[PDB]
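The primary structure of each chain is shown beneath.
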Amino acid sequence: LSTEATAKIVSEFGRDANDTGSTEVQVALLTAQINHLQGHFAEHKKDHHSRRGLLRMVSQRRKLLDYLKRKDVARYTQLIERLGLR
RNA sequence: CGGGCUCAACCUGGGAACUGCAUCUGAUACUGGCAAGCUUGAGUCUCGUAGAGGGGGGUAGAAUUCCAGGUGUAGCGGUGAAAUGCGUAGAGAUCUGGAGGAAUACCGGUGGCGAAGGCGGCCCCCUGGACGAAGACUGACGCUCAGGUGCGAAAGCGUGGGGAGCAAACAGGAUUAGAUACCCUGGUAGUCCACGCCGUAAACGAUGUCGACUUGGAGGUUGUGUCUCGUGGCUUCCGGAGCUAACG
RNA sequence: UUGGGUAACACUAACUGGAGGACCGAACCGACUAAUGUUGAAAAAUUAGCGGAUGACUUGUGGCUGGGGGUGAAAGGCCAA
RNA sequence: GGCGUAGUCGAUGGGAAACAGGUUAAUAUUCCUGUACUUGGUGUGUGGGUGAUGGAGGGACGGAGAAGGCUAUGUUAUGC
RNA sequence: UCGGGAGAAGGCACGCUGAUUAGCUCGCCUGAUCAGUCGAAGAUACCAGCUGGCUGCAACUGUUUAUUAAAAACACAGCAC
RNA sequence: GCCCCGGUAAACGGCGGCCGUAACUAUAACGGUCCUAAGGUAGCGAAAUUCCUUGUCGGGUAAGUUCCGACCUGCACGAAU
């Protein structure tokens, strides 16, 4: 994942200015990384190592979302709607 | 504690502590719940660093063997010593050429890296971790972590391929009182490649991880610095206090 | 295929789909045990049972290969009773 | 007596064209009645180009599962 | 070989009659409810697995003596030279 | 081409006998001694492939030359005969 490709995805999801660590922001990076990793599965069916690496990349997201929907349900439906998870 | 049956066991009277639970009231520092709010943490960001870290493909040289040619002697090979064996239609030794398989000098190191297993002839691609500086960011989003999940030498196993060398089992020659050992001549699986599986081990530094704290000296790897020295991380040795049954 | 748990590997539930020289069978196929029959129509049939049953199946017509032959998943089996 | 080319032969399969009705002691989508259709030849008219052999659709429309439409008939109706 | 084995096994109900409910557009379609009631027997008249255990052999379907043996015989995918 | 030597047993095959140690007795087990080189350890074995053998121990049964398990010197069982 390129630098600008990461700094741009954080801005489009950033709640406010300079927003780097947020529920909707974090999940954004994770989702992205997951998309690239999942696509990495379509090929190299042998890469069992990186396979494990996703269990967490998502367990974090699945936990962040669980935390989001738990506190604010509005920010939830909006987040998923923007990304496209579930 | 006192008293009663001659004592005691036993028993009586009184007293105290008396947990636990119900009711009412109060405090509320700490834990919990709700609401709001700061950076020196963790993580992250920016700029840099060392390395045999992992996966795929390609590639070089030396050596062993086989095949072809030349030459060529009478032996060569091999051992503690020999023999089997190979050789005058020409082995060995030697030169040239070709094919194939496996692992890969000087540098390598007492070095370095990876989470571990492991990983260095070299090159490229893909990908994990960690360290230093600026101290900027989120703003504590931390640490650990039953279960779960993945990884995990070698050996061995399934299918296909390959197979130079080496080599369990195995076929012989020696040694020996006997050797179904060591030594020697052959030799299958395997050792190798692709894929699937097993999941174990001195998987050992045999001292799980994280943070704080406690004299220093010396050698080495790496970043930075006002670099005959200061400082951060890593790898050894000797050691203060202290710790240990002892070794340490 | 859908839904759910999971990162994935995959798993579970439901649904769909329905293969399989598979099982029961219409028509029928095969045919172990006995009796009848045994100068039966004659070149081997009847009865009571019994077993297996969409395929490498069954069948009509036409055509091809012949004797020491061919053929034969070899039984010395078959090649016009 | 046998192996390639040109020709031909080989399955009432393939194969251009009609049904309905009536009639005989015995026959028929062949007789009769009505109607339809095909091929070949010629031409009155319309119309104003008439063609082996290989190749095209076509005939090889094959196997398995199956929806829907659907006939007369039958039936509900003891309707006509 | 989780495909299966399994209509395993085992047990109950299953008649008629009256009045109704549900599914569907409807059926002279289907699934049920309540009450009454007769026989020894209600799938009372048309088919039709008996079940279970141990052991020998071959794997199985299939093939084989058209006229006495289909059997542990033959073949078969697979493995090897 | 063959005699020559060597390789090959998924080549036709061969695998007898004896003593000691040791047990209450018999056998198995181990080594040797001899013959013809080895003499058999995986499994499993008197098994449809062993005479002797209705072999020995035993299950099971009132009893079973049947069968199953074990031992097993394997007359003339044993490796894709």
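Residues numbered from 1 in each chain as written, not as in the entry; some residues may be left out. Chains lettered and ligands numbered in written order. Part of a larger assembly, values for the part shown. Heavy atoms only, no water.

Per the deposited record, determination of this structure is attributed to cryo-EM, with the resolution reported as 15 Å.

Participant: Could you clarify how one ought to interpret helix α2 (residues 23-39) in this entry?
Facilitator: Counting along an α-helix, one turn takes 3.6 residues, and residues three or four places apart therefore face a common direction. In this model, α2 (17 residues) spans 24 Å end to end at C-alpha, consistent with the 24 Å of a helix rising 1.5 Å per residue. Where α2 is concerned, the buried positions are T23, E24, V25, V27, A28, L30, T31, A32, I34 and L37. Along its buried surface, α2 packs onto α1 (3-13), α3 (49-71) and α4 (73-83). (Helix = DSSP H or I, 4+ residues; strand = E, 2+ residues; numbered from the N terminus. Expected span 1.5 Å × (residues − 1). Buried < 20%, exposed > 50% of the residue type's maximum accessible area, 1.4 Å probe, protein only. Contact = heavy atoms within 4.5 Å.)

Participant: Explanation requested: the protein's contact with RNA strand C in the structure shown.
Facilitator: Around RNA strand C, the neighbouring residues are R51, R52, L54, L55, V58, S59 and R62. The protein-proximal atoms of RNA strand C, defined as those within 4 Å of the protein, are 65% sugar or phosphate. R51 has a polar side-chain atom sitting 2.5 Å from a sugar or linking oxygen of RNA strand C. Measuring from a phosphate oxygen of RNA strand C, one finds a side-chain N or O atom of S59 at 3.5 Å. Each residue belonging to the surface near RNA strand C can be placed in one class, and the counts come to 3 nonpolar, 1 polar and 3 charged. (Near = heavy atom within 4 Å. Polar contact = N/O pair within 3.5 Å; in protein donor to acceptor, adjacent residues only side chain to side chain. Nonpolar A, V, L, I, M, F, W, Y, C, P; charged D, E, K, R; others polar.)

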